[PDB]
Ligand SMILES: O=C1CCN(c2ccccn2)CC1
Ligand SMILES: [Zn+2]
Ligand SMILES: [Zn+2]
């Protein structure tokens, strides 16, 4: 308690000594409250005019238009302590899993240079604005690194002064750039050295790319076993127990020297003890603390969520296979039974899964898994949108399974070769491409963001008639040499000024390990679409009068946007499509 968090609390108390008051009408029940102080401030979603002017038919579709308009009673709930049997299963599995992930990898510190390079090419390091303007300026100033140095030596001494979260089914925990650096230095290796790649972790998909995920799910489907299960957890980050954070910290058992001490301090001082500041309109700032739940940088959050989800799903697989009888207590005989299962079949059981943070697909040995719920519920990983003891419903066809907000189609090229393509309802894709975040967008910056969406559609969603057409229109409307941009940056192969047919060939043919015949495609007309009825099922407007008028008159829409941008060099990409090819 206050020995570890008191120093951070003390320091904030004094900077607002004028305003400090133990408010008696504080809304917190599960968060430990400390005090309040005076503040006054808040970032809505803005429309991308380039994408909207080239998608006119969607101006009258509420599922698109409503996306641009506009639970903290889940952060303030509690999780119960797991039973002794559950605690044993988790400790044994976590010990085994860190060793497997560690066999071909070496834990190491990430560098100031690595951190600096990340800030100098816009990575979302969930930092706050103050003594320097942006992250880019702090990183160039030697005074910043001296503050970093002070905190760093405090961590080596087992104490913390400035690593405090700022809060804002979503929740982001911004920290000052310094606290973020010390997290990256100690635990960045998990992401930087690809500990959750599929090659290294067998279940993971880190670095895989949306063009690989369907092929990975089809490979899982080829295993003998039962249905494919894809159960979503209700509020995963809020269900991370103190036992989970202790099993995650066991990665430090694999470290040495300074690194070991710096990592032990991140886990002890910032993860297993948290200090948070939250805006309340009654506008004050509340200083609250708690020991459990996930509150880390988004990239460390992804790797540890993947770790703890792999652990939870192996234990659910053990329960289905009858490796243990009850979560109340494991016998030392069962303990040897659990380790032996892991040693003999653990790697095979990991390969039956695709796990992306809180998102999983599992093809178990048989359907006993569906009703194997005692460990999953007792670990706190309660399933969304199903009663606690109702058996999971599985998917009989890998093309139906949801994963990473997509489903996947098997698409046969005119030449016989097989593509496995990503897909989701087309209203979601169009509605997201019509939105920007933040202020001060020039017309050129807005155009270059529209071009990023268009080139993503050409590479990932070429099989959707409306998106191939709208992608060609946007790329025709934006100057040919203008570089696609994002402010917030899987593999993003569409982020390039290379010809999109050349990139398509590289991604789907040359580098595709599921494609034996490497014969290049010579034109976009060789690249297939879904069936027309399937395209409509997944939200196409093909068949509507509004869509036919848009497609027929597309050069008029392209010319409207070119006239706004002005006298620039443009390319016509529409004749890459059969219907505009004379
Ligand atoms: O190779 C192995 C997989 C099967 N396993 C067990 C152990 C107890 C109960 C069910 N299966 C033994 C080890
Ligand atoms: Zn600290
Ligand atoms: Zn689809």
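Laboratory data are not the source of any read-out in this text; all were calculated from the coordinates shown. Here Cβ is always computed from backbone atoms with ideal geometry, including for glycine, and neighbour counts include all displayed protein chains.
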Return a yes/no flag: does region 264-275 have any residue that is closer than 27 Å to residue 379 by Cα, within 16 Å of ligand 2 (Cβ to nearest atom) and assigned to a strand (DSSP E or B).
yes
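Looking at region 132-170, which of the residues that are touching a strand residue (DSSP E or B) at 6+ places or on another chain (Cβ under 8 Å) and within 15 Å of ligand 2 (Cβ to nearest atom) is farthest from residue 261 (Cα to Cα)? Reasoning before the result, please.
Taking region 132-170 first, the residues touching a strand residue (DSSP E or B) at 6+ places or on another chain (Cβ under 8 Å) are 135, 163-168.
The next check asks that each one be within 15 Å of ligand 2 (Cβ to nearest atom); those that pass are 163-166.
On the way: 163: 16, 164: 20, 165: 22, 166: 25 Å.
Residue satisfying both the conditions and the ranking: 166.
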Among residues of region 211-234 being under 17 Å from the mean Cα position of the chain (by Cα) and surrounded by fewer than 19 Cβ atoms within 10 Å (Cβ to Cβ), the residue nearest to residue 321 (Cα to Cα) is 232
State all residues of region 235-248 that are in a helix (DSSP H, G or I) and surrounded by 19 or more Cβ atoms within 10 Å (Cβ to Cβ); if no residue qualifies, say none.
236, 237, 238, 239, 243, 244, 245, 247, 248
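Yes or no: residue 489 closer than 30 Å to residue 439 by Cα and more than 16 Å from ligand 3 (Cβ to nearest atom)?
Values: closer than 30 Å to residue 439 by Cα: yes; more than 16 Å from ligand 3 (Cβ to nearest atom): yes.
So residue 489 passes the test.
For region 380-395, which residues satisfy the criterion of being assigned to a loop (DSSP other than H, G, I, E, B) and surrounded by 11 or more Cβ atoms within 10 Å (Cβ to Cβ)? Break it down into steps so the answer makes sense when it comes.
First, pick out the residues of region 380-395 that are assigned to a loop (DSSP other than H, G, I, E, B): 380-382, 384-394.
If the condition is that a residue be assigned to a loop (DSSP other than H, G, I, E, B) and surrounded by 11 or more Cβ atoms within 10 Å (Cβ to Cβ), then 380, 381, 382, 384, 386, 390, 391, 392, 393, 394 are the ones that fit.
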Quick one: what pairs do we get from region 526-555, first residue over 26 Å from residue 504 (Cβ atoms), second in a helix (DSSP H, G or I) and away from ligand 1 (no atom under 16 Å from the Cβ), C-beta under 6 Å, 6+ apart or different chains?
546/57
Counting only residues that are within 14 Å of ligand 1 (Cβ to nearest atom) and either on the phi > 0 side of the Ramachandran plot or over 24 Å from the mean Cα position of the chain (by Cα) (or both), how many does region 343-362 have?
6
Inspect region 171-191 for any residue being under 15 Å from the mean Cα position of the chain (by Cα), within 16 Å of ligand 2 (Cβ to nearest atom), under 24 Å from residue 13 (Cβ atoms) and outside any loop (DSSP other than H, G, I, E, B) and give the result as yes or no.
yes
Leading residue by the ranking (farthest from residue 554 (Cα to Cα)) among those in region 42-57 that are within 25 Å of the chain's Cα centre (by Cα) and crowded, with 17+ Cβ neighbours inside 10 Å
48
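Identify, from the list 329, 407, the residue that is away from ligand 1 (no atom under 16 Å from the Cβ) and over 28 Å from residue 80 (Cβ atoms). Step through it out loud before you land on a result.
Details: 329 fails: over 28 Å from residue 80 (Cβ atoms).
Criteria check complete, one pass: 407.
Can you spot a residue in region 122-132 that is in contact with a helix residue (DSSP H, G or I) (Cβ under 6 Å, 6 or more places away or on another chain), in a helix (DSSP H, G or I) and surrounded by 13 or more Cβ atoms within 10 Å (Cβ to Cβ)?
no
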Are any of the residues in region 415-432 over 27 Å from residue 523 (Cβ atoms), away from ligand 3 (no atom under 16 Å from the Cβ) and out of contact with any helix residue (DSSP H, G or I) (no Cβ under 8 Å at 6 or more places or on another chain)?
no
